[PDB]
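Shown next are two forms of a single protein chain, provided one at a time as structure tokens under the names structure 1 and structure 2.
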Structure 1
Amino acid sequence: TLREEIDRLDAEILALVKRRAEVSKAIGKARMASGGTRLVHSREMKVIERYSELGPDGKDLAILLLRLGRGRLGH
């Protein structure tokens, strides 16, 4: 039944990560439409600091969320 929860808990993570990728893209278009830059360095550090509670792996999760949000650099 703990295995049954992890299944649900993964479905919810997957859904929120999908939603974050949309909302992040939307902020990107909005900032660029207003004459701003796709990437903003200070904001990426805020996302990284936000996941630090997960430990050393927190920053890797953050960077992955930023990659789903904007895209690969240079592309």
Structure 2
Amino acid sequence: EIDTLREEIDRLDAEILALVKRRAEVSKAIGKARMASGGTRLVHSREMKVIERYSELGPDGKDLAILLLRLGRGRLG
């Protein structure tokens, strides 16, 4: 039943949200530590590897990786 499938989507979104929040926190901590050290951003190596990993899902996986990296980089209040 389609509505039963939708209930599961909502449960999956709970798990995903929990993980994405944790990931964003870890990402932000890396960003701060890096900037505190004057460390070089790892765009061509590590970030590219994150993108490649999610590429498994096709082109939309690349966009997902990009968004997860973005969540790590801060926004203004």
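By rigid core we mean the largest C-alpha set that fits within 1.5 Å across both forms. Residue numbering: sequential along structure 1, first residue numbered 1.
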Rigid-core frame, C-alpha of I48, shift of 2 angstroms or more between structures 1 and 2: no
Core-referenced Cα shift (Å), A30, between structures 1 and 2: 3.4
Inter-form CA displacement between structures 1 and 2 at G69 - rigid core frame, Å: 1.3
Core superposition result - C-alpha of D7, shift between structures 1 and 2, Å: 0.5
